[PDB]
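**Q** Below is one structure. I have some questions about it.
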Amino acid sequence: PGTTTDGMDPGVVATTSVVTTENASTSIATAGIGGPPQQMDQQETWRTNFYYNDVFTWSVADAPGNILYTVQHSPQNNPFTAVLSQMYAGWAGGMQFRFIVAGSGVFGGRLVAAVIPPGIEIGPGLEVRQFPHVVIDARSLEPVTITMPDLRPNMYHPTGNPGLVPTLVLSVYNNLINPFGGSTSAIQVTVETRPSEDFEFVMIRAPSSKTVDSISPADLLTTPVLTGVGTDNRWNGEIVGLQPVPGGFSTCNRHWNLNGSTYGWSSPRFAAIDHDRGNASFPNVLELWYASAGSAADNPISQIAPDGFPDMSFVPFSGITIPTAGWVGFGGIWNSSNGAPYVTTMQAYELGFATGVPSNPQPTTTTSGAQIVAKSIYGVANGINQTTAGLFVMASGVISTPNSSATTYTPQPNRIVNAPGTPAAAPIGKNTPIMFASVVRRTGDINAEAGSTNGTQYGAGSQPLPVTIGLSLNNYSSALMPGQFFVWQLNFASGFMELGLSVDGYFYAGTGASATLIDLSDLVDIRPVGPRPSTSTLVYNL
Amino acid sequence: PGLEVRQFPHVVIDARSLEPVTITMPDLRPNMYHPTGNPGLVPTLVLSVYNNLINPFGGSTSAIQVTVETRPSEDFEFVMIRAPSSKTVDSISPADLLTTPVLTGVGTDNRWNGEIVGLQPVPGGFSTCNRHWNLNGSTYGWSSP
Amino acid sequence: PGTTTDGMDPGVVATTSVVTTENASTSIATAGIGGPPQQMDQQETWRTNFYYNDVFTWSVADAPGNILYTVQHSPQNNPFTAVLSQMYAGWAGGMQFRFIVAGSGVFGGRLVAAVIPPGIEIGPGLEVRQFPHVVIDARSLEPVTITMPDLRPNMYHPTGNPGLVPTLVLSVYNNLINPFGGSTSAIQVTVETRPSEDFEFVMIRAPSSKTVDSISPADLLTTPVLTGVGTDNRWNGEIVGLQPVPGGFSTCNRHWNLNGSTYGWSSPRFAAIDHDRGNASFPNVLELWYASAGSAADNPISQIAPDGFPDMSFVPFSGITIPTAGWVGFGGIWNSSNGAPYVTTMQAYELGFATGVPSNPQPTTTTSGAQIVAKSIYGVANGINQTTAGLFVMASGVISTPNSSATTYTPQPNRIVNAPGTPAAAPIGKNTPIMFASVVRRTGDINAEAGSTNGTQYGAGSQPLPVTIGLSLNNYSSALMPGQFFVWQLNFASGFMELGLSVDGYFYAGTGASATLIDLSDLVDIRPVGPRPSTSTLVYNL
Amino acid sequence: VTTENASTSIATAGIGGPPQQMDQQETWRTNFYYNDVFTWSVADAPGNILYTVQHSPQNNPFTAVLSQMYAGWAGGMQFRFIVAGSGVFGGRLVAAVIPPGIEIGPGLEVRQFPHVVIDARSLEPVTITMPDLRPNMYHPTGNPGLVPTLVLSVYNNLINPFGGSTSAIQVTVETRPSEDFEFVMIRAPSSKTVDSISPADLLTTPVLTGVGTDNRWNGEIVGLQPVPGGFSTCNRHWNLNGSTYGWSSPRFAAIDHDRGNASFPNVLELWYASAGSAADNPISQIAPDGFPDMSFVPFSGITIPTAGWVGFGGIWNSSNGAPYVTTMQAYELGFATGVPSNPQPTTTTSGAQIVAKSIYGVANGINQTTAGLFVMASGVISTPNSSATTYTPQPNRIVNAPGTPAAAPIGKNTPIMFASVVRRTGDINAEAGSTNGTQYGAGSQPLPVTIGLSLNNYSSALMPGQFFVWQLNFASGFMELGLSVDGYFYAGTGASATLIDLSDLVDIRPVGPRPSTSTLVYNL
């Protein structure tokens, strides 16, 4: 019966014009520069069965020619070839894909598939129906299997740096049609994989040896990073949610990219902020410290500001009323002659960026022509006037607030200070940049964590700290071409969604225009998917 | 939750199946036999949704039923007769805790000592400690049953 | 199985009386006058596979005899023969057409196909069902292939002018039926092609050489014309939408037809408006200027009006009233004797056609017997009385409005002035003519552009300017017969629609009685289709 | 026509399937066809390089056409050289094929590679073959990889014993494929490849025959004006990397700014604002989109500024967007410094202020601390009399932004500007040929070229130090025009300064790339 499918059954074998005997024979001949092939026993359980890769949705609103699914050729597309690549230096050959369509006998509609050769851009203007292709009906009962050959300009694929490869695309041929109309408007398709008969590894290597270029940043984002261990890269607090930003934003301090560089002035850690010379005065009085941005000689990362200095905008205040949504830190003033601290100046201070603070303090979001200012939000015991004086504050802060209430998430996009030349994160179609949210203490109610009737206060950061560390230590320069994401699937008990990482280090979600926070308390596991075009909408099925 | 069944060797079954489909579960064990008192390591069978069920008419009909039946395979056997009243090292199953007459007019509740005649859902939730035992044989209350 | 269709499979081969061996042998024998046949290698991948040509829609409202799809025999009906036709000067042979119907088992209805010999007029009135023909059911699962042979009276077809060729027609045989009623009332059909075994090219030529017959108009409308680069032909503003006009309208100024002719008085550009002899008076004051239509002696295009004068009717006003929906330009008065401007008459004016001006100014829409009037809308520093004075105004105008609010699109169809002999654009079946919309500045609030709180103001023109320039530089009379459109397809992110253009220069869409404005920001690309009969309904799947 | 590595090339190209388009008797394969021309003068020293091309299918018209429908290629090409010299000339050239990994530059020892030798008096053509010496199994069309180069350079310098007007000759190049050339893997003709397209279609006959307009005054182009001293222009100007340094988009529409200072302390209204504060503008923050890039001209009283940029508009209320109806006049606009107390012109955007002063008395003046400006961006030229003056702007009047590249003469190749007819205030009725003279404006690019450059990236079409050359054929005579990677146009007029009239232009055809140190033909 066609209603039952075993684990080794390919179903219907469909061929396009790219599968020829020349390609297979040439592949096997030229792979011989690396010696005899390894792991070729064709009777092993890891090689004869099909194993799961993905599942996608076909809706009645998808127009003809719209792309539904793409995959780039790699040994990372099968769970066991990925494990076995940890002990070899090269690979070659192709891989089979099995599609199962979960339709019914009354539906109508057709799909189409083709193999796209290297050097061609994958995007909405790609005309699949003008390549050699196969057409598949929506009523198909048996599985349909399609083979992607190894079309490569190299003799073999180096494990770290493979080079050009082909890709497989599936799109809509004719619209899915339901003759009854009504509420049922979509079906699902599942994809599985197994290696072709010419797949092979070459040249054994010690598992502890390091390839020159890393294969994939899949290991950075694992389940504990978002389920209770990782903390954000601005406030150092427990990540509990994802905040979309429909407008766009930019961030450079303690933010690394995939070329192993930062534009900021901080390290991936939280420590003490120390600068040796500043201006102190008090014209229960408020102390006032500042210096000129761009003269931090002790910092080898960047001469812009002392390591750990927050990248928010100073909000002015005076008299009685204390400021709002400022960055608060603990410490005081110390003498720069011997290092002793002036013991009477200890308080909580509000730190930030500003311009012209001797005469008129105006917030600025630029690092050029600005100055860095610290002001005590409360009165000190005994103030000090000095010409040269140091500063000492911790890197973990809280949020100033006048009353017991809570405000929006801090900081807001226009409050972030950036250096000249920093790339920005902007929407691409329905995909929107996001920030990572963590609950942060505030000075208006110092016993509120979660469930508090006074409200919940959130602090947002651009990257999880373990990701920032991993990007600062390794080099991922060859994993992503421009215009691609690296995608993970986030599984919940009720729904799932996808996260994309760009070459500039910003994370993305397919939220469109919504601005509500997404909660992570019911997350189960995280699974990697691999490179995909950034024009393709990221799934959001929560 | 977290076990990816679709990345083990597996079988797929359609919702339109007319004839029955039979699957065999073999005895993969690290010991020479299973004591009924404590059997040790055994394998597990799992059945799970592969693709969502669909009714093209919509409407009020939104579920179907599946029936399961069993019979032993040809290598199944027993050994070592014992007394029917003997107890085991591992705990007796809790299936006997709730028989028919417990809820059909013989059993009583544990706060008022009154004949139970219905079940009350509590969507909000609640907690209780007095005269309440857990499955580890312990209580946090101050009263005897 | 029947649910999978490969790229080389024709499916059911259905034949008619016109496909014979005598024709194929004679075609191959007589094509030899051109030399040895080129590109006739039977094993090449561009010949063995079918590739995409078109998709059309079959609806339950189509009556028997309605034509759904028709093409003249030509190399432009396959993409690779379209490519190769660029470098050859002659061709001969036939072509196969493969149809795939996207239905299901519950539908009913039939279609009919026939090959019409050359020399027979194609149009409404041709009874296709009284030629040899083939009938196809709406429940078909496998594809059906039909061959169109090369019946010609000459020894080969020159690419410059091919002469007589046959035509393929597909038409409704019995109405489509859905037994459930409901919202599902249409299905799709896909068309693919490949050359037949006697098809050949002859006589290599330079790729840049032109032909005796006119170039096809497909290049007149490329993607960037409507995606933020092209401008309209009345206000010179970036087109951002399409406005249907169910009532109809007519236009002559700056409007060309497909025979390379215009009835207006203006050149396809935007430069200053200049006339030398008119009356001037002002009985801070409003200044009046006017002349008699039919006296533009220095304009070689026509004598009706100076080159660049607007074609909108005049709204009279006096004193404290600022008119609504007037064309407004900036300029002043100058002395005709030495060409110097009266420097105190510079202001914003309003221009239009009128009659009985100095006594009882009334709006008009006929150029015969009218006057051309300009009047300042605000008070100038000092007025002037002259019995002969000239006019100079810039030709990129704005729309007057008394409040900060926005009015409807201007000009409304009944404010347009037309010279005698101008044809009209009336709805054809369900096909309705459209204008091209753009944002125009208004004097009520000069800072508003788009998405304002006070509102968005729209202008409208009959053609895009690049299209008008292309029609002015060429003659397209041999590309389109009367009763025909040239059709493009517009693909959006979600949905698609088709657009038509007639021999008189108007564009049409299949909107029906709808009057909503269609936005163009989410448009992906534009693809040409070809000539189609004007009674065929243009698809509107948005 | 064979190669010495044919069997290996064909065998290893089989990773992409069976070869396509390899029928050996097809007419497109058997004939030579035109590819390019270049020039050889008496001033070129031995070792100077005159012609270089990388191995690709773009070097033959029909392989160029065929590559639209394929995704890969392999094999070599044959080349042919045709010297247009005479019997009284004397000199030799040398040509060789350079393998990948060797630096190509001046002084390279072509004479010590295997080579052919070409005489200046040669009548029969001379041929050479380029095999496909590649380290990959095949070249993808969108990303080919490493390829060899063909190089031609001077062996013995050209001599002219008669010594007169003639000092250069031309050489024509034709190509056809070798026996082992092939294509692989069909693709859709509309699909996109990484490599850039050619720029030959940017310049066609209508652009200069009466349809095109220049990128500063939006006027119809009628002539070309050389600038022997050089100049630099940034606004509405794109390079071959798809970038600009100015603050404007390739379009003409009204100029608008929200906040600024206005005063009249029948009066002459004055509006000014500071540079670097155009917040709404997404191209640049220097100035509003469309503000002219010319220096300001101070004036007062009855004086009317000469050679000034003038537009039409007035002030408006920033609170609700309503205009002040009594301030409709003609204003002069530009860049200046010290604007309130002592206005002086500047030719830089750093620390300047944009100014808008009316040249005629307004209906009634306005005093406001904050106000807005609205002016149409197609402007005219202010003159105090009926007569015409020199073309505007002169190069000493053009505002530029820091880091903008300049254009300087190279040998006898001189940068040019494209000229259009502009109306003037003193005589607003004179158009062209009038008895009071003809006023000419000038710009740096034709607008269709600017739009095409802003829509696509041409970074792989022209390496630095090369021009792209077009033919300009007149009724009597012809000349050539060159385009550089910084966007400027060049002609071979040397020290001449007279305008060149395009009334009798007939056709424009593309020629090909050429080194910028070579001579461009001027036979008019």
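Residue numbers (PDB author numbering), protein chains in the order written: chain C, 23 to 305, 311 to 569; chain B, 146 to 290; chain B', 23 to 305, 311 to 569; chain A, 41 to 305, 311 to 569. A prime marks a further copy of an entry chain. We put the CB at the ideal spot given by N, CA and C, even for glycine.
1) For the candidate residues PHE221(C), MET117(C), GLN152(C), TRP113(C), whose alpha-carbon lies nearest to that of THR181(C)?
2) Return helix, strand or coil for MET62(C), following the three-state DSSP convention.
3) In this structure, does DSSP put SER427(A) in helix, strand or coil?
4) Show which residues of chain C have a CB atom less than 9 Å away from the CB atom of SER162(B).
5) In chain C, which residues lie less than 9 Å from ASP76(B') when you measure between Cβ atoms?
6) Quick check: is the beta carbon of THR480(C) nearer than 7 Å to any beta carbon in chain B?
7) Closer than 7 Å, CB to CB, is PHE202(B) near chain C or not?
8) If you pair each beta-carbon of the region 74-93 of chain C with each one of the region 192-200 of chain C, do three or more pairs fall below 8 Å?
9) In the DSSP output, which residue or residues are listed as bridge partners for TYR436(C)?
10) Distance cutoff 7 Å, beta carbons only. Does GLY147(A) sit that close to anything in chain B'?
11) Indicate whether the contact test is met: 3 or more Cβ pairs, each with one atom in the region 25-35 of chain C and one in the region 151-171 of chain C, closer than 8 Å.
12) Who are the Cβ neighbours of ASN275(C) in its own chain at under 7 Å, not counting the five residues just before and after it?
13) Should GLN265(B) go down as buried or exposed, given a rule of 16 or more other Cβ atoms within 10 Å for buried?
14) With 7 Å set as the bound, which would you pick, yes or no: does the beta-carbon of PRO188(B) sit closer than that to a beta-carbon of chain C?
15) Output yes or no for whether 7 Å exceeds the beta carbon distance between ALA318(B') and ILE399(B').
16) Taking three-plus beta-carbon pairs below 8 Å as touching, is the region 238-252 of chain B' in contact with the region 408-427 of chain B'?
17) Spell out a yes or no on whether the region 338-352 of chain A and the region 432-448 of chain A are touching, meaning 3 or more CB-CB pairs, one atom from each, closer than 8 Å.
18) Return the CA-CA distance between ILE261(B) and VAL187(B), expressed in angstroms with no decimal places.
19) Taking Cβ-Cβ distances below 7 Å as the criterion, which residues of the region 191-215 of chain C are in contact with chain B?
20) Between which two residues does the beta strand (DSSP E) holding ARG69(C) run?
21) Can you give me the start and stop residues for the alpha helix (DSSP H) that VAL247(C) sits inside?
22) Go to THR79(A), then tell me how far its beta strand (DSSP E) extends in each direction, as first and last residue.
23) When the Cα atoms are used, what is the spatial distance from residue 601(B') to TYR436(B')?
24) Using a Cβ cut-off of 7 Å (strictly closer), state whether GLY115(B') contacts chain A.
25) Let me check understanding here. Comparing Cα to Cα, which of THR52(C), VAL137(C), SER49(C) lies closest to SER39(C)?
26) What does the alpha-carbon distance come out to for the pair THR27(B') and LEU133(B')?
27) Give a yes or no on whether 7 Å exceeds the smallest Cβ distance from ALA53(B') to chain A.
28) Is there at least one Cβ from chain A nearer than 7 Å to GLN152(C)'s Cβ?
29) Along chain C, which residues have their Cβ under 9 Å away from the Cβ of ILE158(B)?
30) Thinking just about the alpha-carbon of each residue, which of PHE129(A), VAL150(A), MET109(A), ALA46(A) is nearest to the one in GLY116(A)?
31) Can you find a CB in chain B that lies within less than 7 Å of the CB of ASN71(C)?
32) With a cut-off of 8 Å on the beta carbons, I'd call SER81(A) and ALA160(A) a contact; round off their distance for me.
33) Who are the neighbours of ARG174(C) on chain A, taking C-beta pairs under 8 Å?
34) Residues in the same chain with beta-carbon distance under 8 Å from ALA51(C), minus the five sequence neighbours each way, listed in chain order, please.
35) What three-state label does DSSP hand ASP31(B') in the structure shown?
36) Taking a Cβ distance cut-off of 8 Å, strictly less, list which residues of the region 224-237 of chain A are near chain C, in chain order.
**A** Taking the geometry as given:
1) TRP113(C)
2) coil
3) strand
4) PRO23, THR25, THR26
5) Those do not exist, as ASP76(B') stays about 11 Å from chain C at its closest Cβ, beyond 9 Å.
6) no
7) yes
8) yes
9) The partner list for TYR436(C) (beta bridge, DSSP) is empty, contrary to what the question assumes.
10) no
11) yes
12) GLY286, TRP287, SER288, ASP338
13) exposed
14) no
15) yes
16) no
17) yes
18) 39 Å
19) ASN200, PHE202, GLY204, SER205, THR206, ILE209, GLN210, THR212
20) Careful: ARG69(C) lies outside any beta strand (DSSP E), inside the alpha helix (DSSP H) at 67-70.
21) 245-249
22) 73-81
23) No information on residue 601(B') is available, as it lies outside the stretch 23 to 569 that chain B' covers here.
24) no
25) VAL137(C)
26) 22 Å
27) no
28) yes
29) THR25, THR26, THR27
30) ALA46(A)
31) yes
32) Actually they are not in contact, since the Cβ atoms of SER81(A) and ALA160(A) sit about 12 Å apart, beyond 8 Å.
33) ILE55, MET177
34) none
35) coil
36) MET225, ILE226, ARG227, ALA228, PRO229, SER230, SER231, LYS232, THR233, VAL234
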